[PDB]
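This document contains two forms of one protein chain, each encoded as structure tokens and listed individually as structure 1 and structure 2.
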Structure 1
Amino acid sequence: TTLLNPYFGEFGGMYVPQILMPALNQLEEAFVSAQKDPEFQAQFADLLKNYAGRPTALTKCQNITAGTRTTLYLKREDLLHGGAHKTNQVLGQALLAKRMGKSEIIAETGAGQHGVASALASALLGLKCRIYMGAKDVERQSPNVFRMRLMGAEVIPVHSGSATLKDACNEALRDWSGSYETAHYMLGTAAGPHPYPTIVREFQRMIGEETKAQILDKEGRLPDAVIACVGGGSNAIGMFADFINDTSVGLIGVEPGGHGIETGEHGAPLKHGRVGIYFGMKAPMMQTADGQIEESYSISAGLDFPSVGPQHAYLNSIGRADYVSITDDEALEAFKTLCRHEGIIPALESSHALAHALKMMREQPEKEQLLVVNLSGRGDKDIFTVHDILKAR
């Protein structure tokens, strides 16, 4: 029994060991209560505005779309304190955690942006933060490991499995299984067991709400399409949510194509996986024929995850939202293009969203279209990784 619907059509649920069900029910209750609480909302609002830096800018590109009839705006979540959209929802979850009398936070991280957000929120609001991060990501997203540790968070390298996000997720959940009484699990994406996909969306929805208000002011109408990368679905659903009932507005999610879908080394379960049960949810999974969970791959640590949030699987199934993939090389080109022609360094995750938007424009340059890319974060963390790759060429 739950207060809210755990499912999005077939997808979602609460597939956790029985031991964690009361934790999840307590969290859902706290959330429903907080959402109705004007004091919680004012405090959340205050942190978002005066601490995080909201509203973020909506930037019109005026170089990269030259010679085409595409008008492109970037929603500047890269400008948010911490350097990614991740900060929005961790601030809400941290308030919920305190509201439930918890003094410790458990988080997983891949890009290290959620980690950094979990650490900064915990420093601010007086929580003891421990962070699980795959050994591979500790290395390829190193700047964020320094940032996290400087802010007093414990960072725990995970060497198991693919040594990436999936494996960090494993350890975080295993930990929480034994610590839920004292620790709140600050899940970093719109995935996992109910109520997380719902909570993460509601604590990210200001992205799309601001975008709507901003684009109306600048353009006098809604976007033709909003475009966002999909790691587990938080930034995309944050962008999409307020636009779902606006049927003219295309909703486009971009999964990591990795080295190529045909290689199997990708992170695109929504379009190239198969429904399964894992990480607390029934959702599209990369899995073997036997039902073992496949390891994913992406150049982008924040997208390198073999599953995806249930509301996206849902929104796709009914054809409300459309999902595509962009490869490493496509994402890199878009990374370079933004750097050199708009003076903005995007996260390699965000670069996937931009790459597809650039494809939309390039494929049909005389098609009149007003596009918004959610620039989920900045690429300071990717600096060395990108350098090492380009040098190797």
Structure 2
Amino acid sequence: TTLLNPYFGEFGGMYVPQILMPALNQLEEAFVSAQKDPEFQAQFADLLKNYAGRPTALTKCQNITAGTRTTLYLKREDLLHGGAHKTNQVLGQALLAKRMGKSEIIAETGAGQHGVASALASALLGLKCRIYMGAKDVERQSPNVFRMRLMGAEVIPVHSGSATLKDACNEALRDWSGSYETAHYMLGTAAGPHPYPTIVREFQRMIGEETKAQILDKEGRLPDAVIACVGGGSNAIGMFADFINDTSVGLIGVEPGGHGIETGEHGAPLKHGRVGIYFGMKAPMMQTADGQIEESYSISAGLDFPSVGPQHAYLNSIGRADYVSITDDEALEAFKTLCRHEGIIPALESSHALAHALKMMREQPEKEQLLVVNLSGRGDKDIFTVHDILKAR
């Protein structure tokens, strides 16, 4: 029994061992209570404003769209403390952990951004933080590992399975299955078992709320479409949520196409995977013919969650949102273009969203369209990756 619907149509649910059901029910109860609590809301708002730097700017990018009938705005989550949108929801989850009386945080991370976000929130709010990270990711993300350690978090390499994000996800749940009484699991995207898809959406929804206010202020009307990259789905659902009931506003999610869909080396389970049950949820995922879970591939390490949040699978099924893919090469071109023409270095993740917007403009340059791309993070972290490729060209 739950207080809220754990499903979005057929997708979602609570596919965890029986031992973890009380933890999920406790978390749901605390969330529902917090959502009705003006003091909780005021504390969260205060951290978002005075610590994280909300509201984030909405930037009109005139150079990129010159000579076309596209008007493009970027929602500047790149300017949030920590350099990505992930900061919003970790602060909310940290306050939920405190509400429930917990003093310890568990988190998973792949490329390291969620780990860093969890570490910073835990440092600020007096929580002991332990972060699981696949050993292969530890090896290749020394900057983020060092940030986590500087912020006083314990980083625990995971050597099981493929030693990557999915394996860290498992280990986090294994730990939580024994430690839930004292520890909160700070899940890093709008996925996993209920209530996490719901909580993460609600703790990211200020992205779309602000976007709506800012676009009404500047343009006097809603966007024709809002466009966001989709790893597990948090930044995208945060942008989409406040526009779901605005039926004229297009919602476009962009999955990583990697080397190309046809190569199999991608991270686009929503459009090119198969529904399965894993990580506590029923959702499309990257899996073998036999049902073993596989990795997502993208040039951007941040888009390597091998499934997708169930609310995205649902919005797709009913046609409320459209999902597309962008390849490594398309994302790289968008990255270069934004740097040269707007002086903004975007995360390679976010560059997937920008690349699709650039395509919408370029394919149909006389189409009148008011677009907003969610610029989920900044791309300082990516300069060597981009350097190394562009050197080999």
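Counting starts at 1 and follows the sequence of structure 1. Between two forms, the rigid core is defined as the largest C-alpha subset superposing within 1.5 Å.
Just one of the listed positions, 244, 125, 135, 222, moves its Cα by at least 2 Å between structure 1 and structure 2 when the rigid core is held fixed, and it is 135.
Comparing the forms between structure 1 and structure 2 on their rigid core, the Cα displacement of residue 264 stays under 2 Å. In this overlay on the rigid core, residue 162 has a C-alpha that sits 2 Å or more away from its partner position between structure 1 and structure 2.
At residue 149, the distance the Cα travels between structure 1 and structure 2 is 1.6 Å after the core is superposed. CA movement of residue 353 between structure 1 and structure 2 equals 0.3 Å, with the two forms superposed on the rigid core.
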